[PDB]
Amino acid sequence: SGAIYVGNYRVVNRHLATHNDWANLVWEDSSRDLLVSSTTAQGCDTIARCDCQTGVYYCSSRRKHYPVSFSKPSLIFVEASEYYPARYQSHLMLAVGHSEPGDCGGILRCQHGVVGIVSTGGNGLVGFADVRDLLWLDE
Ligand SMILES: NC(=O)[C@H]1CCCN(C(=O)Cc2cc3c(cc2Cl)OCCO3)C1
Ligand SMILES: [Zn+2]
Numbered sequence: 007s008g009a010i011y012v013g014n015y016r017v018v019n020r021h022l023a024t025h026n027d028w029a030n031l032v033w034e035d036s037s038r039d040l041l042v043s044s045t046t047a048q049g050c051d052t053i054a055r056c057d058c059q060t061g062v063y064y065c066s067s068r069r070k071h072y073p074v075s076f077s078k079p080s081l082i083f084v085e086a087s088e089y090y091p092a093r094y095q096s097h098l099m100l101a102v103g104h105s106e107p108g109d110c111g112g113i114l115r116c117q118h119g120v121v122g123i124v125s126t127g128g129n130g131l132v133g134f135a136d137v138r139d140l141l142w143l144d145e
């Protein structure tokens with residue numbers, strides 16, 4: 007679990023969005039596993055606007071942060087799960103690191119701010135949904 011709170015927006019994994027997220031929907035994209043909902047309170051986070059390919063993410067299944075080198079946002083095949091059919095997920099970045107299903111929502115940050123959230127995992131792989139292209143989160 008986990009969310010980004012920026013301005014009057016909350017960014018979560020689309021597959022983990024609550025009834026309240028859907029009732030306050032701003033934007034969602036099943037191909038990116040993202041959903042943004044509106045909030046009344048002002049958010050705590052800053053979004054990175056950069057091309058960093060290294061950063062640190064929070065891994066809830068280890069209660070720890072780990073440094074990672076990750077690929078640029080790309081279209082990657084993701085196998086079927088209980089939440090989605092087998093498909094290509096867009097704007098996804100892969101890295102070598104620990105991940106378990108409940109780790110989705112952990113934040114990835116670089117020196118400039120929030121880069122994205124955990125969205126997928128493999129055997130020693132972790133995938134992050136990028137949010138750096140969503141410029142409207144800042145206005
Ligand atoms: N974005 C998606 O399509 C998600 C939806 C929820 C499910 N999903 C995952 O990848 C969940 C996952 C499976 C794992 C794992 C880690 C995770 Cl995060 O490591 C060991 C093998 O099995 C795809
Ligand atoms: Zn950066």
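Numbering-wise (the entry's author numbering), the sequence shown opens with residue 7 and increments by one.
Where a beta carbon is used, it is the ideal one built from N, C-alpha and C, also for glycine.
Do you know offhand how far residue i's Cα is from residue j's?
{"i": "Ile-113", "j": "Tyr-94", "result": "22 angstroms"}
{"i": "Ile-53", "j": "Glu-88", "result": "30 angstroms"}
{"i": "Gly-61", "j": "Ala-9", "result": "18 angstroms"}
{"i": "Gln-48", "j": "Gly-13", "result": "5 angstroms"}
{"i": "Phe-134", "j": "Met-99", "result": "5 angstroms"}
{"i": "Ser-43", "j": "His-21", "result": "13 angstroms"}
{"i": "residue 6", "j": "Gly-122", "result": "No answer is possible for residue 6: the residues shown for the chain start at 7 and end at 145."}
{"i": "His-71", "j": "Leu-140", "result": "25 angstroms"}
Mark residue i as exposed unless 16 or more other C-beta atoms lie within 10 angstroms of its C-beta, in which case mark it buried.
{"i": "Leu-143", "result": "buried"}
{"i": "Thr-126", "result": "buried"}
Does the beta-carbon of residue i, which I'm using as the reference point, lie nearer than 6 angstroms to any heavy atom of ligand 1?
{"i": "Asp-39", "result": "yes"}
{"i": "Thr-46", "result": "no"}
{"i": "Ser-105", "result": "yes"}
Comparing C-alpha positions only, which one of the options sits nearest to residue i?
{"i": "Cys-110", "options": "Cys-116, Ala-92, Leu-131", "result": "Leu-131"}
{"i": "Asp-39", "options": "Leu-141, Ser-105, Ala-101, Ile-82", "result": "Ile-82"}
{"i": "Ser-36", "options": "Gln-48, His-97, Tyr-63", "result": "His-97"}
{"i": "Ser-67", "options": "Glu-106, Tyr-15, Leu-140, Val-18", "result": "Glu-106"}
{"i": "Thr-46", "options": "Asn-26, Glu-34, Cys-58, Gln-59", "result": "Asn-26"}
{"i": "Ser-80", "options": "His-104, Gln-59, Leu-141, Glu-145", "result": "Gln-59"}
Using a Cβ-based criterion (distance less than 6 angstroms to any ligand heavy atom), does residue i qualify as near ligand 2?
{"i": "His-118", "result": "yes"}
Between residue i and the rest of its own chain, which residues show a CB-CB distance below 6 angstroms, the 5 nearest in sequence each way excluded?
{"i": "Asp-51", "result": "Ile-10, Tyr-11, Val-12, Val-120"}
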